[PDB]
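Student: Just need the structure, nothing else, for what follows:
(chains A, B, C and D)
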Amino acid sequence: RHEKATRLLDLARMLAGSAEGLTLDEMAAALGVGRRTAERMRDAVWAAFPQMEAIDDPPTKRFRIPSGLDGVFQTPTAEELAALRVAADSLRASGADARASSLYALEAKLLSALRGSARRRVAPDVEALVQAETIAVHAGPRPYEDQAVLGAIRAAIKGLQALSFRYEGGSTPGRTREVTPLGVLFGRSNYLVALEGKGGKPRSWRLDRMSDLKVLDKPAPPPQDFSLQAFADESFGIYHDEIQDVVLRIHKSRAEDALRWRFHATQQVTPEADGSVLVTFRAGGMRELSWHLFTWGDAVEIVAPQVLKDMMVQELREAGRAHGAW
Amino acid sequence: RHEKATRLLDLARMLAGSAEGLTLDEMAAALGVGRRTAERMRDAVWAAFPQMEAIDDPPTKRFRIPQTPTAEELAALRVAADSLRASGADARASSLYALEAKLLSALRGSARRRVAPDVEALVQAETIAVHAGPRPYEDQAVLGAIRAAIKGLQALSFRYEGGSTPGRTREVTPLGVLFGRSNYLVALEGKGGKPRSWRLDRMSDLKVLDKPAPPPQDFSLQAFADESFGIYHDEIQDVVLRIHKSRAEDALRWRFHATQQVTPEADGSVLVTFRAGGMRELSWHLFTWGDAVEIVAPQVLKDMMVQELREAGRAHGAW
DNA sequence: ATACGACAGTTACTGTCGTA
DNA sequence: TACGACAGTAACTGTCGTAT
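Tutor: Numbers count the residues shown, from 1 in each chain, chains lettered A, B, ... in the order given. Below you will find the coordinate block:
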């Protein structure tokens, strides 16, 4: 059959580039195949590539392939070249010209490394596909994706040196302040997560207001424990508040849409027996949450926390008087 | 054991050795498996490697098959695929990850291991703020027909579980796929006129038809995408907003529509022209401005607004 | 020629369980 | 771990034809 051998030669790919070895669990997690069949694939890949090295990492053996597969399995396929540029174009069409420029550069190198003769062959079908699909563009402020602002910032955190720049807003606009670069979070605007000097909690800043950029030659590292994605998932979006358990009651009117809906990274989607759906999660940013609570109209009732009652009826009198409801 | 997967790759190993073509009458001997199964191996590789060509010397067949980027590139490709896997977009992620693999594979060691520790320094110095909305229903298979029928220019007979006529199959011209709230297939019910959009959630028991259905020479999927602000294609109203003086900054650098024009003021406000339908979806986006917005044109925007406002207004005791 | 199917019969497909 | 084995059960196999 075909389906069975596809997933094998894809695992051979997963090991051909790890360069440290993804252990049997880390090699069979991207497949969810199972233990013993994963080891059977280990021998099928050895019976495919007897140069595949096993290396220890007690308490486990990590496996890698050091010398590349056959070129048959390395030169990319149509849908993958296509899906690279549909996303790179999506960035170009979301004002994110730098994030795109990098992926475009990839595509260029990815095609000159294809033998010229074969490129012309499946150059067109790529274009057919990229035309055929399109990604939505929801409405949200233009991303402040300037390379010079991102050249200093992907390098301040590289040498782990500090950085001082001029920002506008907050309680004190204009203060050219020095901070601890952690990483950039791409969102509605573009935001940089960083910390002032020492002491406190990592504040928020919008790239749109960055001038006087220098790579402050005064090294300063972060708290080693900290992954930026963890700080990301704190809030329901951007605004960082006192993190809040929330629980929502969805009518049956929108039951089966609530099942496949995605509120937060910490969802608790278990259905009431009587048709409703109760959803609990935990994050800050309770106003942006009310904004998403418009989308459901009369199909959800804020049950807890009762701070959402305040924020919701707040924004329904804030946009209700200015429109002509009450 | 596990023979089926390993004995097959050794077929593509010779389809890359030939460059002139091997026939079933040969391959069935160079594998010792027999002809009727050799006739299935070709189909298998053709499903993996459409690059396999069939040089035909009458009256038999023959068969043959025909970098070093910056950390920045790799980390950006990675973070993209991750923001895909974090959205439920399984089909579009699975491919960006595969593309990272196939070029990591083709890198020499002392460099592929020299910049392997550098990728993740970046991959955790950025992460993308995934947004609330349904999981895009992307199953490799129920988009696989659609790609075949767009390449082969064929038609797509598919059952549909929604839209006032659910239960039986119906033919359309496969025109495009718009990835949005959910995932969408825009098609022409019949031919001529304007396109109607179908949610992929409710399309199953598809089949590509050997009755090739050609699309018009002059259709633009991005245009139709713009035709409705957001998703559902209402009438195209000429939309006209005024944003109060405060949120000019984000308005001036906002992106309401692809056919939008941001005209500033003198009194303090900002004037907004654009043109597309979707009154509900836009009343939603205008809730996220509060009271800095005065709807001018059309009149149905005001209505859809007050409709979907007091619907929650009496629902949440705020009125 | 090859594509291509139906149809008994077989022997790999899982997951689970054992010892050196 | 690197390893078989258990049936338990769906796919793999090859005789046999149809189909230009």
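
Student: now whichever residue of the stretch 101-250 of chain A sits closest to DNA strand C, nearest residue through space, not along the chain?
Tutor: Closest contact between the stretch 101-250 of chain A and DNA strand C, by CB to the nearest atom of the strand, is at residue A:121 (20.6 Å). Quick note: C-beta positions are derived from backbone N, CA and C, even for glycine. Nearest non-adjacent residue to residue A:121, counting by CB to CB, 6 or more residues apart in numbering or on different chains: residue B:66, 7.3 Å away.

Student: doesn't the one you found fall inside a helix?
Tutor: No: counting by DSSP: H, G, I helix; E, B strand; the rest coil, residue B:66 is located in no helix; its state is coil.

Student: Test my guess that it contacts residue A:120.
Tutor: No: using CB atoms under 8 Å, residue B:66 is not in contact with residue A:120, being 11.3 Å away.

Student: ok, the residue in chain A positioned nearest to chain B - contacts?
Tutor: The nearest approach of chain A to chain B comes at residue A:17, 2.5 Å away (CB to the nearest CB). By CB atoms under 8 Å, 6 or more residues apart in numbering or on different chains, the residues touching residue A:17 are B:100-101, B:103-105, B:107, B:112.

Student: and the residues you listed as CSV, adding secondary structure?
Tutor: Formatted as CSV, the contacts of residue A:17 follow (three-state DSSP):
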residue, secondary structure
B:100, helix
B:101, helix
B:103, helix
B:104, helix
B:105, helix
B:107, coil
B:112, helix
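
Student: Got the domain ranges for chain A?
Tutor: A:3-72, A:77-132, A:161-232, A:244-318 (automatic domain parsing).

Student: measure the third one end to end?
Tutor: End-to-end distance for domain A:161-232: 22 Å, by CA to CA, to the nearest Å.

Student: just the second one next, same as before
Tutor: Between the start and the finish of domain A:77-132 there is a gap of 17 Å, counting by CA to CA.

Student: same question, the last one
Tutor: Criterion CA to CA; first-to-last residue distance in domain A:244-318 is 23 Å.

Student: How far away from the center of its chain is it?
Tutor: 23 Å (CA atoms, centre = their mean, to the nearest Å).

Student: can I assume residue A:220 is in contact with residue A:157?
Tutor: No: if you go by CB under 8 Å, residue A:220 and residue A:157 don't touch, sitting 10.0 Å apart.

Student: got the contact list for residue A:271?
Tutor: A:255, A:259, A:277-278.

Student: Which of the residues you listed has the largest number of neighbours?
Tutor: When neighbours are counted by other CB atoms under 10 Å in any protein chain shown, residue A:277 leads the contacts of residue A:271 with 22 neighbours.

Student: Close to DNA strand D: what parts of the stretch 51-200 of chain A are there?
Tutor: A:54, A:59-61, A:63 (CB under 7 Å from any atom of the strand).

Student: ok, now with 6 Å
Tutor: Neighbours of DNA strand D within the stretch 51-200 of chain A, by CB under 6 Å from any atom of the strand: A:59-61.

Student: how about TSV for the residues you listed, with neighbour count added?
Tutor: TSV is the format used below for these (neighbours: other CB atoms under 10 Å in any protein chain shown):
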residue	neighbour count
A:59	6
A:60	12
A:61	13
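
Student: For the residue sitting furthest away from the middle of chain A, list the residues it contacts.
Tutor: For chain A, the largest distance from the centre (CA atoms, centre = their mean) belongs to residue A:326, which lies 40.8 Å off. Residues near residue A:326 by CB under 8 Å, 6+ apart: A:317, A:320, B:310, B:313, B:318-319.

Student: Let me know how buried residue A:125 is, in neighbour terms.
Tutor: 17.

Student: I'd say it and residue A:78 touch.
Tutor: Yes: using CB under 8 Å, residue A:125 is in contact with residue A:78, at 5.3 Å.

Student: OK, contacts around residue A:234?
Tutor: Residue A:234 touches A:240, A:243, A:283-284, counting by CB under 8 Å, 6+ apart.

Student: Now, of those, which are buried?
Tutor: Neighbour-count burial (16 or more other CB atoms under 10 Å in any protein chain shown) applied to the contacts of residue A:234 gives A:240, A:283-284.

Student: Nearest to DNA strand D: which residue in chain A?
Tutor: residue A:1 (3.0 Å).

Student: For that residue, the count of nearby residues, please.
Tutor: Using other CB under 10 Å: residue A:1 sits among 12 other residues.

Student: Same question for residue A:51.
Tutor: So residue A:51, with other CB under 10 Å, has 10 neighbours.

Student: Who are the contact partners of it?
Tutor: Contact partners of residue A:51, counting by CB under 8 Å, 6+ apart, are A:65-67.

Student: do residue A:207 as well
Tutor: A:144-146, A:149, A:184, A:189-192.

Student: do residue A:298 as well
Tutor: A:251, B:311-312, B:315.

Student: What does it show for phi and psi?
Tutor: In terms of degrees, to the nearest 10, the main-chain angles of residue A:298 are phi -110, psi 20.

Student: Ok, residue A:319 next?
Tutor: Torsion angles, degrees, to the nearest 10, at residue A:319: phi -100, psi -10.

Student: same thing with residue A:140?
Tutor: According to degrees, to the nearest 10, residue A:140 has phi -170, psi 150.

Student: give me every residue that touches it.
Tutor: Contacts of residue A:140 (CB under 8 Å, 6+ apart): A:188, B:254-255.

Student: Residue A:238 too?
Tutor: A:187-188, A:191, A:204, A:285, A:288, B:129.

Student: switch the cut-off to 7 Å
Tutor: A:187-188, A:191, A:285, A:288, B:129 (CB atoms under 7 Å, 6 or more residues apart in numbering or on different chains).

Student: Give me the distance between residue A:285 and DNA strand C.
Tutor: 40 Å (CB to the nearest atom of the strand, to the nearest Å).

Student: Neighbour count for residue A:220 and residue A:157, which is higher?
Tutor: Higher neighbour count among residue A:220 and residue A:157: residue A:157, with 25 against 19, using other CB under 10 Å.

Student: close enough to count as contact, that one and residue A:181?
Tutor: Yes: the pair residue A:157 and residue A:181 qualifies as a contact (CB atoms under 7 Å) at a distance of 4.5 Å.

Student: what comes up buried for stretch A:136-148?
Tutor: Buried, per 16+ other CB under 10 Å, within stretch A:136-148: A:136-145.

Student: All set, thanks.
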